[PDB]
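For reference, the structure is listed below as structure tokens.
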Amino acid sequence: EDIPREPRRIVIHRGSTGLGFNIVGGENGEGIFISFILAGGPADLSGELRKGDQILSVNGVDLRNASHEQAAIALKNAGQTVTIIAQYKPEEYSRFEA
Numbered sequence: 305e306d307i308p309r310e311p312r313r314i315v316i317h318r319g320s321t322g323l324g325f326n327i328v329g330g331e332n333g334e335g336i337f338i339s340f341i342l343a344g345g346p347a348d349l350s351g352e353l354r355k356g357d358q359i360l361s362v363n364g365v366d367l368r369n370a371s372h373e374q375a376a377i378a379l380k381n382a383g384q385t386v387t388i389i390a391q392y393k394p395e396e397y398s399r400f401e402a
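Residue numbers (PDB author numbering): 305 to 402.
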């Protein structure tokens with residue numbers, strides 16, 4: 305596919321269904337991962353985010369060592385235009401989530 309291995313920058317605009325994705329992780333050995341992408345939501349329309357992406361940063365707020373609630377608050381407070389730094393790690397996601 306066209307998804308690279310290294311971190312990538314994706315710009316999302318918030319709407320009436322939020323940023324259009326939901327998250328898991330943030331405990332133990334597991335960072336913040338996208339578990340669900342809403343059909344037609346902002347993340348879906350970008351074409352850029354995937355289930356199994358780890359969110360490394362949101363608008364400059366580092367989420368590599370954040371709990372789930374710290375990450376959910378940072379996403380809720382990130383404003384209308386949100387820049388997500390994501391890194392695609394589907395095998396690590398499957399280890400924790402399957």
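Backbone N, C-alpha and C define an ideal beta-carbon position, used for all residues, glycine too.
Task: Contacts around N326, its chain only, beta-carbon distance under 7 Å, and the 5 residues preceding and following it disregarded - done: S339, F340
Task: Host alpha helix (DSSP H) of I377 (start-end) - done: 372–380
Open item on the list: Considering only the alpha carbon of each residue, which of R313, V362, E305 lies closest to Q374?
Closed with: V362
Open item on the list: With the cut-off set at 8 Å, would you say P311 and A390 are in Cβ contact?
Closed with: yes
Task: Close-in-space but distant-in-sequence residues of the same chain around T321 (CB under 7 Å, 5 per side omitted) - done: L342, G345
- [ ] Express the C-alpha separation of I316 and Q358 in angstroms, rounding to a whole number.
- [x] 16 Å
TODO: Kindly give me the distance between the Cβ atoms of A347 and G324, rounded to whole angstroms, as I take these residues to be in contact under 8 Å.
DONE: 4 Å
Open item on the list: Can you give me the C-alpha to C-alpha distance between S350 and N332, rounded to a whole angstrom?
Closed with: About 30 Å.
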